[PDB]
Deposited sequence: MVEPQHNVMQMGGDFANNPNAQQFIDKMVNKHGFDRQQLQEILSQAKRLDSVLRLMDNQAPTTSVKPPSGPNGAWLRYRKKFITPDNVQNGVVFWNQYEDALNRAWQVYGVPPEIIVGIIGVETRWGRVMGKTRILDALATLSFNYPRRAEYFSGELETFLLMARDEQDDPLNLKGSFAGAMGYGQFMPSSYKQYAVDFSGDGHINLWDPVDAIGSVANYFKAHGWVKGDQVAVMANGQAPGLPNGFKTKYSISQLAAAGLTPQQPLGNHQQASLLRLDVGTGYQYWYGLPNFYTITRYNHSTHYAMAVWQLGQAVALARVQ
């Protein structure tokens, strides 16, 4: 009947003699009451993906058209049309997310579009393999990923999922919005109302993205970014920069749209080939970068969402 297998203390597989894997198992047992043997069975099947390690290293911390190349990966007729279809298909959920969280449909549609092309590209890497690899064979971010692995196993246990069946990105991101396990834990919501938080359910994903945004400071109705007239070659740029509107004016910039009561902004500079395009980055732009720490990412999400919004009016 019951086979405890207390004597089976050594697991096989790529992480068999990994001290970090063994310590992690001990933690899961002590802290969460996991069965050591069940965990060894799971991790014995986990694969150490060298490709995941190489990519994490490649991503480790002009004008030549850099922004245009990034932009055209997302803003194309095919993509905008698929975005329109997604918006119309889930218009009610999007409007409800707007009412509940104050995050507009274009932002949610843009996020899900850039992340997975609205569910078409969810990822093919087993979350367990990615997280085990990064937790046990990647010292630089081992603590961060171990926390993600811990949360993932707890998630799988709770929602009764086979931890080995779930797939996603090389970093362990999941579903329509590519939520990391910790983001699922802190921000995912059962927006569909069936009692279960499913990152692969478009309705849940819509509400989850909205809640993530509100939690990270999204200001309802506030502008995201305003293009500037003029150039500011001397000034350092990027989503982390901060200048008063007065300083930017002194640098030779003027906003193309009224900035309201905003007194500061980040200076964003996009490489459009023929030169540079300067923008006043407002708080909501920064909020987008909280989802994925990149200026290009945030600008593509916002512009894709706007492109889809306009394409719907037609």
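*Asks:* Hey, which stretches of the deposited sequence didn't make it into the model?
*Replies:* That part of the chain that was deposited but carries no coordinates is 62 to 69, and nothing else.
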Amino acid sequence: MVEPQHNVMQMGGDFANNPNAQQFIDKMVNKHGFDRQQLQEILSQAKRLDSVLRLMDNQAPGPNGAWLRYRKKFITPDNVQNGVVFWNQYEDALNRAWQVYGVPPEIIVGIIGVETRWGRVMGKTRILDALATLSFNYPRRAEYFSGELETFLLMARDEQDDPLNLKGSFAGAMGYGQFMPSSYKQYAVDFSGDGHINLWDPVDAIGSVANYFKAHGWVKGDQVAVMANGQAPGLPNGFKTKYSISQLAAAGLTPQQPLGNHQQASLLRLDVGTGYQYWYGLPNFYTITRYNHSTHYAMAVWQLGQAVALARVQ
From here on, numbers count along this sequence of modelled residues.
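In this text, rigid core is short for the largest set of C-alphas that superpose within 1.5 Å between two forms.
*Asks:* Is 156 to 164 or 216 to 224 the stretch whose C-alphas end up farther from this model in 7 other deposited structures of this protein after a rigid core fit?
*Replies:* When 156 to 164 and 216 to 224 are compared in 7 other deposited structures of this protein, the bigger C-alpha shift is seen for 156 to 164.
*Asks:* Does the comparison with other entries of this protein show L248 left unmodelled in at least a third of them?
*Replies:* Across the compared entries, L248 is modelled every time.
*Asks:* Please report whether at least a third of the other compared entries leave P61 without coordinates.
*Replies:* Yes, left without coordinates in at least a third.
*Asks:* May I ask you to compare 40 to 48 and 279 to 287 by their mean CA B factor in the entry and name the higher one?
*Replies:* Here the higher of the two C-alpha B-factor means belongs to 40 to 48.
*Asks:* Mean CA B-factor: is it higher for 86 to 94 or for 231 to 239?
*Replies:* Here the higher of the two C-alpha B-factor means belongs to 231 to 239.
*Asks:* Out of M28, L268, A265, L253, which one has a C-alpha B factor higher than all the others in the entry?
*Replies:* The C-alpha B-factor peaks, among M28, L268, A265, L253, at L253.
*Asks:* Lowest, middle or highest third of the chain for the C-alpha temperature factor of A307?
*Replies:* For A307, whose C-alpha B-factor we compare with every modelled residue in the chain, the answer is the lowest third.
*Asks:* Sorting the chain's modelled residues by C-alpha B-factor, tell me whether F24 ends up in the lowest, middle or highest third.
*Replies:* Middle third, going by the recorded CA B-factors of the chain.
*Asks:* Should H216 be placed in the lowest, middle or highest third of its chain by the C-alpha B factor in the entry?
*Replies:* As the PDB entry reports it, the C-alpha B-factor of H216 lands in the middle third of its chain.
*Asks:* Divide the modelled residues of the chain into thirds by Cα B-factor and specify which third, lowest, middle or highest, holds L149.
*Replies:* Answer is lowest: the recorded C-alpha B-factor places it there.
*Asks:* Could you place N165 in the lowest, middle or highest third of its chain by Cα temperature factor, using the values in the record?
*Replies:* According to the entry, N165 has a C-alpha B-factor in the chain's highest third.
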